[PDB]
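# Sequence plus experimental coordinates follow:
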Amino acid sequence: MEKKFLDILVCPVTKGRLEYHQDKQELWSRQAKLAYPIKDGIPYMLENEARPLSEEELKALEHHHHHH
């Protein structure tokens, strides 16, 4: 039942849902068109460290990615 516990990650502005993927530890947001970096549990939603997503990536947010 351990969801909505650590699974409450949302954007600081749009406050929409986020799903993380390992390897790069990136948070993808279509609602913000950005991607946030995670440093071992330290999300950097900072202007300097937050990077935009490409259209491809944006388009690949039509559904959950690597959730299954």
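Everything's here; your move. Numbers count the residues shown, from 1 in each chain.
# Next up, phi/psi of the residue nearest to the spatial centre of the chain, please.
For the chain, the residue sitting closest to the mean C-alpha position, by CA atoms, centre = their mean, is residue 27 at 2.1 Å. The phi and psi values for residue 27, taken as degrees, to the nearest 10, are phi -100, psi 120.
# Who are the contact partners of it?
When contacts are counted by CB atoms under 8 Å, 6 or more residues apart in numbering, residue 27 touches 9, 18, 19, 20, 35, 36, 37, 38, 43. Every residue, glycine included, has its C-beta placed from N, CA and C.
# List only buried entries from these.
Buried members of the contacts of residue 27, counted by 16 or more other CB atoms under 10 Å: 18, 35, 36, 37, 38, 43.
# tell me the two of the residues you listed that are most distant?
Farthest apart among the buried ones among the contacts of residue 27 by CB to CB are 18 and 37. That separation is 12.2 Å.
# re earlier: specify the beta-bridge partners of the residue nearest to the centre of the chain.
For residue 27, the beta-bridge partners are residue 20, residue 36 (DSSP bridges).
# and the gap between it and residue 37?
Distance of residue 27 to residue 37, computed by CB to CB, to the nearest Å: 8 Å.
# go on, residue 9?
Counting by CB to CB - residue 9 and residue 37 are separated by 13 Å.
# between these two, what contacts are shared?
Common neighbours of residue 9 and residue 37 (CB under 8 Å, 6+ apart) are 27, 43.
# Next, the distance between the ends of stretch 40-52.
21 Å (CA to CA, to the nearest Å).
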